[PDB]
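A.B. asks: My questions all concern the structure below.
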Amino acid sequence: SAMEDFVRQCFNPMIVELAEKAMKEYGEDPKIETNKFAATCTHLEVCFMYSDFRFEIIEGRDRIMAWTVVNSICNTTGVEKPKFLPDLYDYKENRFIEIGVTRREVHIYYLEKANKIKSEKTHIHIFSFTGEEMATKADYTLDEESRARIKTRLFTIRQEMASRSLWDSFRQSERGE
Ligand SMILES: O=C1c2c(O)c(=O)ccn2N([C@H]2c3ccccc3SCc3c2ccc(F)c3F)[C@@H]2COCCN12
Ligand SMILES: O=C1c2c(O)c(=O)ccn2N([C@H]2c3ccccc3SCc3c2ccc(F)c3F)[C@@H]2COCCN12
Ligand SMILES: [Mn+2]
Ligand SMILES: [Mn+2]
């Protein structure tokens with residue numbers, strides 16, 4: 001697959017390894033669901049970048065470790081345990097964060113995410129590949145420079161896919177029919 005080749009050339013080996021592990025843990029084959037493989041790598045990279053600017057990283061851990069970290073936070077802050085695994089915890093605002101990366105309009109994916117979690121407590125932050133974002137209460141958490149770095153990386157991934165004639169397939173596989 002050209003998409004598997006792109007993933008393994010354009011993503012940090014650590015990202016690729018963790019995304020492969022996450023897909024295996026969740027019974028999906030990176031070699032068949034190749035766009036999903038690219039999506040999980042992209043989202044992981046965004047989560048790491050976000051956390052790197054205050055934050056505990058939940059994403060990128062095996063499931064048992066992720067819930068272990070979540071439980072430890074809830075025990076030491078009294079924040080309520082989320083029903084679904086979030087991506088980060090914010091020690092400044094004392095709230096979990098769900099990060100979404102979408103090839104669709106940010107408002108659509110935001111509504112989908114917010115409908116899934118139904119827990120107002122978890123903060124939602126959505127990024128598109130063209131510099132758009134939508135966040136709970138229009139509170140973007142990060143400053144403008146950090147969000148800019150994230151947006152630039154996402155756009156770069158999109159243009160790399162476009163250079164390789166991969167973007168259209170990737171864009172159409174996010175939502176089913
Ligand atoms: O943590 C996530 C997750 C998100 O954080 C997310 O934003 C969107 C989607 N997620 N999920 C995605 C995921 C993450 C990033 C990009 C696409 C996908 S698509 C389905 C899938 C995920 C992970 C492994 C796998 F094999 C999958 F099929 C699963 C949902 O259940 C808990 C873990 N997780
Ligand atoms: O900036 C960082 C970075 C730190 O600033 C840091 O404190 C710890 C770790 N970092 N790094 C990690 C990183 C940061 C946060 C959470 C997980 C990861 S894991 C691999 C990875 C990083 C960044 C982007 C990326 F695509 C990666 F695959 C890399 C080291 O050098 C260059 C940029 N960078
Ligand atoms: Mn996640
Ligand atoms: Mn997420």
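We label chains A, B, ... in the order they appear in the structure tokens, count residues from 1 in each chain, and number ligands from 1 in the order shown.
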Quick one: residues within 10 Å of residue 84 of chain A, only C-alpha atoms, excluding same-chain residues fewer than 5 positions away - as a compact mmCIF listing (two decimals) with C-alpha atoms, in the first residue's frame?

C.D. replies:
```txt
# COMPACT_ATOMS: atom_id res chain seq x y z
CA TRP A 67 -7.20 3.59 33.02
CA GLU A 98 -10.83 14.60 24.41
CA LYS A 116 -20.76 10.23 22.48
CA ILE A 117 -19.37 11.36 25.79
CA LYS A 118 -22.50 13.10 27.16
CA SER A 119 -20.26 14.04 30.13
CA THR A 122 -14.62 16.23 29.71
```

A.B. asks: Extract the full set of alpha helix (DSSP H) residues from segment 9-49 of chain A according to DSSP on the backbone, and format it as a PDB file with N, CA, C and O atoms, in the first residue's frame.

C.D. replies:
```pdb
ATOM      1  N   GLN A   9       7.030   6.253   6.439  1.00  0.00           N
ATOM      2  CA  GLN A   9       8.081   7.218   6.101  1.00  0.00           C
ATOM      3  C   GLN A   9       7.887   8.583   6.766  1.00  0.00           C
ATOM      4  O   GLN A   9       8.874   9.278   7.034  1.00  0.00           O
ATOM      5  N   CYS A  10       6.652   8.999   7.013  1.00  0.00           N
ATOM      6  CA  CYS A  10       6.360  10.354   7.461  1.00  0.00           C
ATOM      7  C   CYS A  10       6.095  10.455   8.951  1.00  0.00           C
ATOM      8  O   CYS A  10       6.086  11.569   9.486  1.00  0.00           O
ATOM      9  N   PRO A  13       9.010   6.738  14.130  1.00  0.00           N
ATOM     10  CA  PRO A  13       8.884   5.305  14.440  1.00  0.00           C
ATOM     11  C   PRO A  13       8.156   5.042  15.749  1.00  0.00           C
ATOM     12  O   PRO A  13       7.386   4.086  15.822  1.00  0.00           O
ATOM     13  N   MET A  14       8.370   5.864  16.783  1.00  0.00           N
ATOM     14  CA  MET A  14       7.673   5.652  18.052  1.00  0.00           C
ATOM     15  C   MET A  14       6.166   5.786  17.892  1.00  0.00           C
ATOM     16  O   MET A  14       5.393   4.981  18.445  1.00  0.00           O
ATOM     17  N   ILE A  15       5.732   6.795  17.125  1.00  0.00           N
ATOM     18  CA  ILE A  15       4.315   6.976  16.843  1.00  0.00           C
ATOM     19  C   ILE A  15       3.775   5.752  16.122  1.00  0.00           C
ATOM     20  O   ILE A  15       2.706   5.230  16.460  1.00  0.00           O
ATOM     21  N   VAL A  16       4.492   5.295  15.097  1.00  0.00           N
ATOM     22  CA  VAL A  16       4.006   4.170  14.306  1.00  0.00           C
ATOM     23  C   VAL A  16       3.879   2.931  15.180  1.00  0.00           C
ATOM     24  O   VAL A  16       2.888   2.200  15.113  1.00  0.00           O
ATOM     25  N   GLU A  17       4.887   2.678  16.008  1.00  0.00           N
ATOM     26  CA  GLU A  17       4.844   1.515  16.884  1.00  0.00           C
ATOM     27  C   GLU A  17       3.655   1.589  17.833  1.00  0.00           C
ATOM     28  O   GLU A  17       2.935   0.599  18.021  1.00  0.00           O
ATOM     29  N   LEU A  18       3.427   2.758  18.446  1.00  0.00           N
ATOM     30  CA  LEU A  18       2.322   2.871  19.398  1.00  0.00           C
ATOM     31  C   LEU A  18       0.969   2.766  18.704  1.00  0.00           C
ATOM     32  O   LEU A  18       0.026   2.196  19.268  1.00  0.00           O
ATOM     33  N   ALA A  19       0.856   3.280  17.476  1.00  0.00           N
ATOM     34  CA  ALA A  19      -0.404   3.177  16.750  1.00  0.00           C
ATOM     35  C   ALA A  19      -0.656   1.748  16.295  1.00  0.00           C
ATOM     36  O   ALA A  19      -1.782   1.256  16.405  1.00  0.00           O
ATOM     37  N   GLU A  20       0.376   1.064  15.786  1.00  0.00           N
ATOM     38  CA  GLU A  20       0.239  -0.356  15.474  1.00  0.00           C
ATOM     39  C   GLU A  20      -0.206  -1.136  16.697  1.00  0.00           C
ATOM     40  O   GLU A  20      -1.079  -2.004  16.607  1.00  0.00           O
ATOM     41  N   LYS A  21       0.425  -0.874  17.847  1.00  0.00           N
ATOM     42  CA  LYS A  21       0.042  -1.579  19.066  1.00  0.00           C
ATOM     43  C   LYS A  21      -1.414  -1.309  19.408  1.00  0.00           C
ATOM     44  O   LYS A  21      -2.150  -2.224  19.798  1.00  0.00           O
ATOM     45  N   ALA A  22      -1.847  -0.049  19.271  1.00  0.00           N
ATOM     46  CA  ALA A  22      -3.217   0.293  19.621  1.00  0.00           C
ATOM     47  C   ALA A  22      -4.206  -0.357  18.672  1.00  0.00           C
ATOM     48  O   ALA A  22      -5.298  -0.755  19.089  1.00  0.00           O
ATOM     49  N   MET A  23      -3.855  -0.470  17.395  1.00  0.00           N
ATOM     50  CA  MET A  23      -4.790  -1.111  16.490  1.00  0.00           C
ATOM     51  C   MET A  23      -4.868  -2.604  16.769  1.00  0.00           C
ATOM     52  O   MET A  23      -5.955  -3.190  16.726  1.00  0.00           O
ATOM     53  N   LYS A  24      -3.735  -3.232  17.082  1.00  0.00           N
ATOM     54  CA  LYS A  24      -3.765  -4.655  17.419  1.00  0.00           C
ATOM     55  C   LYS A  24      -4.603  -4.899  18.674  1.00  0.00           C
ATOM     56  O   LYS A  24      -5.470  -5.785  18.708  1.00  0.00           O
ATOM     57  N   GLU A  25      -4.343  -4.120  19.725  1.00  0.00           N
ATOM     58  CA  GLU A  25      -5.106  -4.225  20.960  1.00  0.00           C
ATOM     59  C   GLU A  25      -6.604  -4.115  20.698  1.00  0.00           C
ATOM     60  O   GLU A  25      -7.403  -4.790  21.360  1.00  0.00           O
ATOM     61  N   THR A  34      -5.672   0.838   6.271  1.00  0.00           N
ATOM     62  CA  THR A  34      -4.478   1.670   6.171  1.00  0.00           C
ATOM     63  C   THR A  34      -4.781   3.147   6.412  1.00  0.00           C
ATOM     64  O   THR A  34      -3.946   3.862   6.988  1.00  0.00           O
ATOM     65  N   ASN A  35      -5.956   3.631   5.998  1.00  0.00           N
ATOM     66  CA  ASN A  35      -6.292   5.018   6.311  1.00  0.00           C
ATOM     67  C   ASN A  35      -6.510   5.193   7.800  1.00  0.00           C
ATOM     68  O   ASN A  35      -6.122   6.219   8.363  1.00  0.00           O
ATOM     69  N   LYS A  36      -7.172   4.226   8.440  1.00  0.00           N
ATOM     70  CA  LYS A  36      -7.325   4.277   9.888  1.00  0.00           C
ATOM     71  C   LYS A  36      -5.961   4.284  10.566  1.00  0.00           C
ATOM     72  O   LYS A  36      -5.773   4.956  11.585  1.00  0.00           O
ATOM     73  N   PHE A  37      -5.001   3.521  10.027  1.00  0.00           N
ATOM     74  CA  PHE A  37      -3.632   3.537  10.546  1.00  0.00           C
ATOM     75  C   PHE A  37      -3.053   4.946  10.483  1.00  0.00           C
ATOM     76  O   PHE A  37      -2.503   5.463  11.469  1.00  0.00           O
ATOM     77  N   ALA A  38      -3.203   5.600   9.336  1.00  0.00           N
ATOM     78  CA  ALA A  38      -2.722   6.975   9.224  1.00  0.00           C
ATOM     79  C   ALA A  38      -3.450   7.888  10.205  1.00  0.00           C
ATOM     80  O   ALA A  38      -2.834   8.759  10.832  1.00  0.00           O
ATOM     81  N   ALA A  39      -4.766   7.691  10.360  1.00  0.00           N
ATOM     82  CA  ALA A  39      -5.546   8.521  11.274  1.00  0.00           C
ATOM     83  C   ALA A  39      -5.079   8.362  12.720  1.00  0.00           C
ATOM     84  O   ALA A  39      -4.974   9.348  13.456  1.00  0.00           O
ATOM     85  N   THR A  40      -4.816   7.129  13.153  1.00  0.00           N
ATOM     86  CA  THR A  40      -4.426   6.925  14.546  1.00  0.00           C
ATOM     87  C   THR A  40      -3.047   7.513  14.777  1.00  0.00           C
ATOM     88  O   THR A  40      -2.800   8.115  15.833  1.00  0.00           O
ATOM     89  N   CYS A  41      -2.153   7.390  13.779  1.00  0.00           N
ATOM     90  CA  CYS A  41      -0.833   8.005  13.916  1.00  0.00           C
ATOM     91  C   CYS A  41      -0.966   9.509  14.034  1.00  0.00           C
ATOM     92  O   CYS A  41      -0.285  10.137  14.849  1.00  0.00           O
ATOM     93  N   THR A  42      -1.823  10.107  13.195  1.00  0.00           N
ATOM     94  CA  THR A  42      -1.970  11.559  13.173  1.00  0.00           C
ATOM     95  C   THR A  42      -2.479  12.044  14.521  1.00  0.00           C
ATOM     96  O   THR A  42      -1.940  12.996  15.106  1.00  0.00           O
ATOM     97  N   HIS A  43      -3.530  11.387  15.015  1.00  0.00           N
ATOM     98  CA  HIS A  43      -4.154  11.785  16.267  1.00  0.00           C
ATOM     99  C   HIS A  43      -3.185  11.591  17.425  1.00  0.00           C
ATOM    100  O   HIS A  43      -3.119  12.424  18.336  1.00  0.00           O
ATOM    101  N   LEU A  44      -2.416  10.501  17.411  1.00  0.00           N
ATOM    102  CA  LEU A  44      -1.432  10.316  18.470  1.00  0.00           C
ATOM    103  C   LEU A  44      -0.419  11.447  18.456  1.00  0.00           C
ATOM    104  O   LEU A  44      -0.084  12.008  19.507  1.00  0.00           O
ATOM    105  N   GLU A  45       0.093  11.787  17.270  1.00  0.00           N
ATOM    106  CA  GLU A  45       1.074  12.866  17.198  1.00  0.00           C
ATOM    107  C   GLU A  45       0.484  14.169  17.733  1.00  0.00           C
ATOM    108  O   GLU A  45       1.161  14.913  18.460  1.00  0.00           O
ATOM    109  N   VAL A  46      -0.779  14.460  17.398  1.00  0.00           N
ATOM    110  CA  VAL A  46      -1.425  15.668  17.901  1.00  0.00           C
ATOM    111  C   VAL A  46      -1.532  15.631  19.409  1.00  0.00           C
ATOM    112  O   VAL A  46      -1.288  16.641  20.074  1.00  0.00           O
ATOM    113  N   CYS A  47      -1.933  14.483  19.970  1.00  0.00           N
ATOM    114  CA  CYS A  47      -2.050  14.352  21.428  1.00  0.00           C
ATOM    115  C   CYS A  47      -0.700  14.572  22.103  1.00  0.00           C
ATOM    116  O   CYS A  47      -0.610  15.260  23.127  1.00  0.00           O
ATOM    117  N   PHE A  48       0.368  13.998  21.542  1.00  0.00           N
ATOM    118  CA  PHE A  48       1.685  14.203  22.135  1.00  0.00           C
ATOM    119  C   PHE A  48       2.094  15.674  22.054  1.00  0.00           C
ATOM    120  O   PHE A  48       2.605  16.241  23.029  1.00  0.00           O
ATOM    121  N   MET A  49       1.862  16.313  20.899  1.00  0.00           N
ATOM    122  CA  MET A  49       2.218  17.718  20.767  1.00  0.00           C
ATOM    123  C   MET A  49       1.454  18.560  21.777  1.00  0.00           C
ATOM    124  O   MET A  49       2.010  19.460  22.418  1.00  0.00           O
TER     125      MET A  49
END
```

A.B. asks: Given only C-alpha atoms and all ligand atoms as the basis, pick out the residue of A:172, A:77, A:146, A:71 nearest to ligand 2.

C.D. replies: A:146

A.B. asks: Compile the contact shell of residue 87 of chain A as a short mmCIF file (atom, residue, chain, number, x, y, z; two decimals) with C-alpha atoms, in the first residue's frame: residues with an atom at most 6 Å away, counting only C-alpha atoms, same-chain residues fewer than 2 positions apart removed.

C.D. replies:
```
data_model
loop_
_atom_site.label_atom_id
_atom_site.label_comp_id
_atom_site.auth_asym_id
_atom_site.auth_seq_id
_atom_site.Cartn_x
_atom_site.Cartn_y
_atom_site.Cartn_z
CA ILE A 58 -3.62 9.27 28.54
CA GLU A 59 -3.53 8.36 24.85
CA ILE A 97 -9.62 16.52 27.46
CA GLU A 98 -10.83 14.60 24.41
#
```

A.B. asks: Of the residues A:63, A:93, A:30, A:133, which is the one nearest to residue 110 of chain A, using only C-alpha atoms?

C.D. replies: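 Checking each of A:63, A:93, A:30, A:133 against residue 110 of chain A, counting only C-alpha atoms, the winner is A:133.
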
A.B. asks: Mind the document's chain letters and residue numbers, and return as a PyMOL selection string the residues of segment 65-131 of chain A that DSSP labels strand (DSSP E).

C.D. replies: chain A and resi 88-90+95-102+123-128

A.B. asks: What is the atom 29 (C, counted along the ligand's line) of ligand 2 to atom CA of residue 126 of chain A distance in Å?

C.D. replies: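 Atom-to-atom, atom 29 (C, counted along the ligand's line) of ligand 2 and atom CA of residue 126 of chain A are spaced 22.1 Å apart.
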
A.B. asks: Would you mind reading off the distance between atom CA of residue 149 of chain A and atom CA of residue 104 of chain A, one decimal, in Å?

C.D. replies: 20.0 Å

A.B. asks: List the neighbours of segment 152-163 of chain A out to 9 Å using only C-alpha atoms; skip same-chain residues closer than 2 positions along the sequence, and give me the result as a ChimeraX atom specification.

C.D. replies: /A:3,6,10,42,46,101,127-131,147-150,165-168,170

A.B. asks: As an exercise, work out the distance from atom CA of residue 120 of chain A to atom 33 (C, counted along the ligand's line) of ligand 1 in Å and give it to one decimal place.

C.D. replies: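 Computing the Euclidean distance for atom CA of residue 120 of chain A and atom 33 (C, counted along the ligand's line) of ligand 1 yields 19.1 Å.
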
A.B. asks: Compile the contact shell of residue 121 of chain A as a VMD selection string: residues with an atom at most 10 Å away, counting only C-alpha atoms, same-chain residues fewer than 5 positions apart removed.

C.D. replies: chain A and resid 79 to 82 94 to 97 136
